[PDB]
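Beneath this line is the structure, given in structure tokens, with notes to follow.
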Amino acid sequence: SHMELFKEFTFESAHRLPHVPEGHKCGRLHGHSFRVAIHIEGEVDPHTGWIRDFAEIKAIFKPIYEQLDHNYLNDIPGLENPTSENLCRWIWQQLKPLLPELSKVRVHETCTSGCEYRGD
Amino acid sequence: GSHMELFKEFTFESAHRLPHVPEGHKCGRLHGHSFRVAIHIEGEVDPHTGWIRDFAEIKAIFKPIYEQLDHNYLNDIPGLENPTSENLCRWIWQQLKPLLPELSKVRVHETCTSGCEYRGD
Amino acid sequence: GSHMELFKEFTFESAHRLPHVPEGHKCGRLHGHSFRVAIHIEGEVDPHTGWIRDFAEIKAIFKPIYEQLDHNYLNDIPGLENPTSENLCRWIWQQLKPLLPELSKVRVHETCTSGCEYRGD
Amino acid sequence: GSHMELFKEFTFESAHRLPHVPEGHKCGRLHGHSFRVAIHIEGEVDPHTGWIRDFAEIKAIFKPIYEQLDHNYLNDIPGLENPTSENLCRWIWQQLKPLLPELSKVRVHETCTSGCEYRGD
Amino acid sequence: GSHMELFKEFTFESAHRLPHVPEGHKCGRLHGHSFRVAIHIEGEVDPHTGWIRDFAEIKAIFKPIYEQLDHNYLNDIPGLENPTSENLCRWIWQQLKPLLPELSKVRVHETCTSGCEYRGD
Amino acid sequence: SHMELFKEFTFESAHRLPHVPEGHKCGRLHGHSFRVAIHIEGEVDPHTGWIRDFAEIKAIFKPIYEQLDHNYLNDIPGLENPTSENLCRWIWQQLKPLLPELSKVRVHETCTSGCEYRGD
Ligand SMILES: [Zn+2]
Ligand SMILES: [Zn+2]
Ligand SMILES: [Zn+2]
Ligand SMILES: [Zn+2]
Ligand SMILES: [Zn+2]
Ligand SMILES: [Zn+2]
């Protein structure tokens, strides 16, 4: 049949943007309850009734989640400019080799904002 | 003439059980969820009514399917003997397509942090 | 540059009434909603700045439009004589697109379970 | 014979305005909201039924008041000419206590970030 | 030590049915919910730790009780032969109180618009 | 005529706990989307139909909110141990003299936890 699954995670982190003007709130040390949705697309298995067990997606994500959660994002190599966009890219890059069916990463910095990457 | 997508959301409080998972797997025990399903349509907006079709008609069309689902054990429903999220999506789409030809997407959320989306593909 | 999609969501508290619904239909009465609107932009992420567009500029551009809608009677706004979600989506698009070229989607929710989405098409 | 407090929550989509606020206040303009109202009751838990009252008896009893409120202009309802959240809370209590003796609290939310609570005192 | 109230929330995905409702009533059908439980404690804030008790401790304490409830059929649990929100509040309390003396409230939500709240005998 | 009102705000902040044991996740630099509800109690005025104009509560709370939001909490005087409990107490100290109907301060560090203070 071919569908799209998703699983959402929340990590509690600090970050700050290095390249904004002096008076900019985004350049001050702050943090968020980030949410990340992991999307995968694939053919639904006839016998298991699913594309992939949600729990395998949780297990694959865990070490990446643990780097991010309760940490300062600017200290991870590659995230010295931890915009929502760069965080999407980085999460995509970490996951993609471990999860070929990855179709989309969505990060929500706040409750009223979102960014989405599809490897394009 | 403008083309747009609409959606309408429903919750149903159901029990289910997965028959093919390993013997200690938690999904294999009798359990339940507050399932959410969003029903999406696409079409052109009418210049007079100013809409594609009333949200209430989408509700009205889904009601019979929804009543099978809500406050019930999903495994007892013909066609849902393996009521995974994926299987629930295709099933609702099979049920709804003939009634609602502009149907473009069915979305099911087993929990607040997961979900399945089906476009009839 | 890698292509991505960003959204900012706003909420306005407004009254409205639908002029062209049948006699007896609830939407023909004066009522209102906590309307949510999400503004979506698409584009190439700049390698240096790490963004497509400063959200804060988006917030600033949208402000006077937001201020027309919030704590106001939608029907009194020119072009919103029939303030359906559909016509809200399109009205908002028409006001914003000249000022925000990367605008790719306007999404309006009149209720917590209903939704409309316009891409300009 | 345990003492507990139960609640049920309803949402009504309504318009209102405050008559008595200074000239250019935003609350003095015709606007509206998706109002959330929670009805709380207190009592002893019945050993036979395992509950204080059926969630759906409360719903059945509230339906007449809810329907006055929903998809309407609140200023036209007698006793709500000044439909602040406070006066709304009082009015709902006045309408409901006669018909639900175990009523303990009325909670009204104009928006997702505000709330008013009345305990009959 | 300033006196305060903390709470920790948990979601368990469970099946149940109510054995004592009239023959047609939906609650007597086998179904389920995403039950939310909130565990509250009260006490004095330590001048050094700056807290009453680490949130994670409340979670660690609840874990054996949570694991009985989650992904299970509640009716099969002893004490829960009538698993209403009320009985499930009293039951959670009875299990929790010996382990967490500062326990002050158990709050159970069968759905997103309903709730039950208990404070012991 | 006696009621309780609240108004809720979200501050996006960094913090770390200095007094947690050596391996504890909270001793690392991190952050949260903190939600604070500010409750007042009082008599509804028969003319205005309110206890207090929400616009005035918001104007009074605003610059205190501006200190918390998009900032490192440990740099605020009095917030050297910025737990949720200490957050509540700090907010109550700052606000109570300027809002005497203040009845309750409530902060939620995450979507699943919360702390409630009523000046006791
Ligand atoms: Zn940020
Ligand atoms: Zn399940
Ligand atoms: Zn409407
Ligand atoms: Zn209002
Ligand atoms: Zn139930
Ligand atoms: Zn923390």
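Ligands are numbered from 1 in the order shown, residues from 1 within each chain, and chains are lettered A, B, ... in the order they appear in the structure tokens.
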Taking only C-alpha atoms and all ligand atoms into account, which residues are within 8 Å of ligand 2, as a PyMOL selection string?
-> (chain B and resi 16-18+27+31-33+84+110) or (chain E and resi 13+71)
8 Å contacts from chain A to chain F using only C-alpha atoms, as a short mmCIF file (atom, residue, chain, number, x, y, z; two decimals) with N, CA and C atoms, in the first residue's frame:
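And here is the file that came out, selection_26.cif:
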data_model
loop_
_atom_site.label_atom_id
_atom_site.label_comp_id
_atom_site.auth_asym_id
_atom_site.auth_seq_id
_atom_site.Cartn_x
_atom_site.Cartn_y
_atom_site.Cartn_z
N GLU A 12 15.30 18.70 25.70
CA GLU A 12 15.43 19.93 26.47
C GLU A 12 16.86 20.43 26.35
N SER A 13 17.08 21.52 25.61
CA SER A 13 18.43 21.99 25.27
C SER A 13 18.61 23.50 25.28
N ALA A 14 19.87 23.89 25.37
CA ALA A 14 20.27 25.28 25.32
C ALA A 14 20.90 25.49 23.98
N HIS A 15 20.82 26.70 23.48
CA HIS A 15 21.60 27.04 22.30
C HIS A 15 21.60 28.55 22.22
N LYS A 25 17.74 38.79 20.41
CA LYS A 25 17.39 37.85 21.48
C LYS A 25 17.87 36.43 21.19
N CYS A 26 18.05 36.11 19.90
CA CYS A 26 18.43 34.80 19.43
C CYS A 26 19.91 34.54 19.68
N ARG A 28 21.41 35.62 22.51
CA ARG A 28 21.55 35.40 23.94
C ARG A 28 21.45 33.89 24.21
N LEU A 29 22.16 33.40 25.24
CA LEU A 29 22.03 32.01 25.68
C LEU A 29 20.60 31.78 26.14
N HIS A 30 19.92 30.85 25.50
CA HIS A 30 18.57 30.48 25.91
C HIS A 30 18.39 28.98 25.59
N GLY A 31 17.15 28.53 25.50
CA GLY A 31 16.89 27.12 25.30
C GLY A 31 15.41 26.89 25.04
N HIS A 32 15.07 25.64 24.75
CA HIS A 32 13.68 25.29 24.38
C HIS A 32 13.45 23.84 24.73
N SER A 33 12.18 23.48 24.82
CA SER A 33 11.75 22.09 24.67
C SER A 33 11.56 21.81 23.18
N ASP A 69 19.65 15.93 23.98
CA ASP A 69 18.86 16.16 25.19
C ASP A 69 19.69 16.56 26.39
N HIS A 70 19.21 17.58 27.12
CA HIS A 70 19.87 18.06 28.30
C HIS A 70 21.31 18.43 28.02
N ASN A 71 21.53 19.09 26.89
CA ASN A 71 22.87 19.50 26.50
C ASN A 71 22.83 20.90 25.87
N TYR A 72 24.00 21.45 25.58
CA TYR A 72 24.17 22.73 24.91
C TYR A 72 24.51 22.41 23.48
N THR A 110 9.78 26.12 19.13
CA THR A 110 8.70 26.53 20.04
C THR A 110 7.33 25.97 19.60
#
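Every protein, DNA or RNA residue with an atom at most 7 Å from residue 37 in chain E, where only C-alpha atoms count and chain neighbours fewer than 3 positions away do not, is listed here: residues 9, 10, 11, 107, 108 and 109 of chain E.
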Please produce an output containing N, CA, C and O atoms for each residue in the selection, written as a compact mmCIF listing (two decimals), in the first residue's frame.
# COMPACT_ATOMS: atom_id res chain seq x y z
N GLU E 9 3.21 14.18 35.42
CA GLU E 9 2.19 13.55 34.58
C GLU E 9 2.68 12.34 33.81
O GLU E 9 3.80 12.30 33.32
N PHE E 10 1.80 11.36 33.67
CA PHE E 10 2.07 10.10 32.99
C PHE E 10 0.88 9.70 32.08
O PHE E 10 -0.28 10.00 32.40
N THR E 11 1.17 9.02 30.97
CA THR E 11 0.12 8.55 30.07
C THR E 11 0.20 7.05 29.95
O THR E 11 1.24 6.50 29.63
N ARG E 107 -4.81 12.56 40.00
CA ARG E 107 -5.67 13.17 39.02
C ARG E 107 -5.65 12.24 37.81
O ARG E 107 -4.58 11.85 37.33
N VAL E 108 -6.83 11.81 37.37
CA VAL E 108 -6.96 10.85 36.28
C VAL E 108 -7.84 11.49 35.22
O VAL E 108 -8.87 12.09 35.54
N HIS E 109 -7.40 11.41 33.96
CA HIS E 109 -8.16 11.89 32.79
C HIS E 109 -8.39 10.76 31.81
O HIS E 109 -7.44 10.28 31.17
I'd like a table as a Markdown table: residues in chain D with an atom no more than 12 Å from ligand 5, each row giving the shortest atom pair and its distance in Å to one decimal, only C-alpha atoms and all ligand atoms counted, sorted by chain and rising residue number.
| residue | atom | partner | partner_atom_place_in_ligand_line | distance |
| --- | --- | --- | --- | --- |
| D:54 | CA | ligand 5 | 1 (Zn) | 11.2 |
| D:55 | CA | ligand 5 | 1 (Zn) | 10.3 |
| D:56 | CA | ligand 5 | 1 (Zn) | 11.7 |
Got time to write the residues from that selection, N, CA and C atoms, as a short mmCIF file (atom, residue, chain, number, x, y, z; two decimals), in the first residue's frame?
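And here is the file that came out, selection_17.cif:
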data_model
loop_
_atom_site.label_atom_id
_atom_site.label_comp_id
_atom_site.auth_asym_id
_atom_site.auth_seq_id
_atom_site.Cartn_x
_atom_site.Cartn_y
_atom_site.Cartn_z
N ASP D 54 -22.69 9.98 36.17
CA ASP D 54 -22.28 9.71 34.78
C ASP D 54 -21.84 11.01 34.09
N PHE D 55 -20.62 11.02 33.54
CA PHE D 55 -20.12 12.17 32.76
C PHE D 55 -21.20 12.66 31.79
N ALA D 56 -22.01 11.72 31.30
CA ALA D 56 -23.05 11.96 30.28
C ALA D 56 -24.42 12.43 30.81
#
Residue 116 in chain A proximity check over A:76, A:6, A:88, A:98, using only C-alpha atoms: winner is A:88
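Shortest separation to chain B among A:63, A:49, A:82, A:18 occurs at residue A:49, atoms counted being only C-alpha atoms.
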### Message
I want to know what sits within 12 Å of residue 77 in chain C, based on only C-alpha atoms, with residues of the same chain fewer than 4 positions away left out; could you give that as an MDAnalysis selection string?
### Response
chainID C and resid 14:16 65 67:70 72:73 81:83 87:88 91:92
Okay, now the selection with N, CA, C and O atoms, as a PDB file, in the first residue's frame?
ATOM      1  N   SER C  14     -11.514  36.543  16.808  1.00  0.00           N
ATOM      2  CA  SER C  14     -12.372  37.306  15.890  1.00  0.00           C
ATOM      3  C   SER C  14     -13.814  36.811  15.825  1.00  0.00           C
ATOM      4  O   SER C  14     -14.100  35.649  16.100  1.00  0.00           O
ATOM      5  N   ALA C  15     -14.724  37.699  15.436  1.00  0.00           N
ATOM      6  CA  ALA C  15     -16.108  37.314  15.184  1.00  0.00           C
ATOM      7  C   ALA C  15     -16.314  37.168  13.696  1.00  0.00           C
ATOM      8  O   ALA C  15     -15.636  37.816  12.911  1.00  0.00           O
ATOM      9  N   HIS C  16     -17.243  36.307  13.305  1.00  0.00           N
ATOM     10  CA  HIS C  16     -17.671  36.279  11.917  1.00  0.00           C
ATOM     11  C   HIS C  16     -19.070  35.665  11.787  1.00  0.00           C
ATOM     12  O   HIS C  16     -19.661  35.227  12.786  1.00  0.00           O
ATOM     13  N   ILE C  65      -1.437  43.084   8.998  1.00  0.00           N
ATOM     14  CA  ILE C  65      -2.482  42.178   8.517  1.00  0.00           C
ATOM     15  C   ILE C  65      -3.146  41.461   9.704  1.00  0.00           C
ATOM     16  O   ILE C  65      -4.373  41.412   9.804  1.00  0.00           O
ATOM     17  N   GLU C  67      -3.180  42.524  12.732  1.00  0.00           N
ATOM     18  CA  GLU C  67      -3.890  43.531  13.501  1.00  0.00           C
ATOM     19  C   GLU C  67      -5.274  43.903  12.941  1.00  0.00           C
ATOM     20  O   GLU C  67      -6.150  44.310  13.702  1.00  0.00           O
ATOM     21  N   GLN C  68      -5.463  43.743  11.625  1.00  0.00           N
ATOM     22  CA  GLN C  68      -6.789  43.864  10.993  1.00  0.00           C
ATOM     23  C   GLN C  68      -7.743  42.755  11.435  1.00  0.00           C
ATOM     24  O   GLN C  68      -8.933  42.982  11.607  1.00  0.00           O
ATOM     25  N   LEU C  69      -7.208  41.559  11.607  1.00  0.00           N
ATOM     26  CA  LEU C  69      -8.009  40.389  11.915  1.00  0.00           C
ATOM     27  C   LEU C  69      -8.327  40.259  13.399  1.00  0.00           C
ATOM     28  O   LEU C  69      -9.437  39.905  13.740  1.00  0.00           O
ATOM     29  N   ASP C  70      -7.369  40.558  14.273  1.00  0.00           N
ATOM     30  CA  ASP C  70      -7.482  40.253  15.691  1.00  0.00           C
ATOM     31  C   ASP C  70      -8.379  41.213  16.457  1.00  0.00           C
ATOM     32  O   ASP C  70      -8.346  42.426  16.245  1.00  0.00           O
ATOM     33  N   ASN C  72     -11.481  41.715  16.072  1.00  0.00           N
ATOM     34  CA  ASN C  72     -12.289  42.386  15.056  1.00  0.00           C
ATOM     35  C   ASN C  72     -13.366  41.506  14.409  1.00  0.00           C
ATOM     36  O   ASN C  72     -13.361  40.288  14.527  1.00  0.00           O
ATOM     37  N   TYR C  73     -14.322  42.145  13.756  1.00  0.00           N
ATOM     38  CA  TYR C  73     -15.425  41.451  13.112  1.00  0.00           C
ATOM     39  C   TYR C  73     -15.010  41.258  11.665  1.00  0.00           C
ATOM     40  O   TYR C  73     -14.879  42.223  10.906  1.00  0.00           O
ATOM     41  N   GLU C  81     -16.225  39.669   3.046  1.00  0.00           N
ATOM     42  CA  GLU C  81     -17.679  39.746   3.152  1.00  0.00           C
ATOM     43  C   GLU C  81     -18.300  38.346   3.325  1.00  0.00           C
ATOM     44  O   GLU C  81     -19.414  38.211   3.815  1.00  0.00           O
ATOM     45  N   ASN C  82     -17.559  37.309   2.925  1.00  0.00           N
ATOM     46  CA  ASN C  82     -17.953  35.917   3.153  1.00  0.00           C
ATOM     47  C   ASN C  82     -16.777  35.159   3.817  1.00  0.00           C
ATOM     48  O   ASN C  82     -16.110  34.355   3.173  1.00  0.00           O
ATOM     49  N   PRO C  83     -16.546  35.394   5.133  1.00  0.00           N
ATOM     50  CA  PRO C  83     -15.285  34.994   5.785  1.00  0.00           C
ATOM     51  C   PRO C  83     -15.200  33.518   6.151  1.00  0.00           C
ATOM     52  O   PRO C  83     -15.089  33.172   7.326  1.00  0.00           O
ATOM     53  N   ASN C  87     -11.799  31.585   2.188  1.00  0.00           N
ATOM     54  CA  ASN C  87     -11.618  32.991   1.811  1.00  0.00           C
ATOM     55  C   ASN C  87     -10.642  33.710   2.743  1.00  0.00           C
ATOM     56  O   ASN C  87      -9.974  34.650   2.332  1.00  0.00           O
ATOM     57  N   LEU C  88     -10.564  33.298   4.001  1.00  0.00           N
ATOM     58  CA  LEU C  88      -9.494  33.801   4.879  1.00  0.00           C
ATOM     59  C   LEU C  88      -8.118  33.419   4.346  1.00  0.00           C
ATOM     60  O   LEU C  88      -7.237  34.267   4.238  1.00  0.00           O
ATOM     61  N   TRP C  91      -7.528  35.520   1.101  1.00  0.00           N
ATOM     62  CA  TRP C  91      -7.342  36.919   1.528  1.00  0.00           C
ATOM     63  C   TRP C  91      -5.969  37.152   2.144  1.00  0.00           C
ATOM     64  O   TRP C  91      -5.253  38.061   1.705  1.00  0.00           O
ATOM     65  N   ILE C  92      -5.592  36.305   3.114  1.00  0.00           N
ATOM     66  CA  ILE C  92      -4.272  36.401   3.747  1.00  0.00           C
ATOM     67  C   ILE C  92      -3.127  36.223   2.737  1.00  0.00           C
ATOM     68  O   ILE C  92      -2.163  36.987   2.755  1.00  0.00           O
TER      69      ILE C  92
END
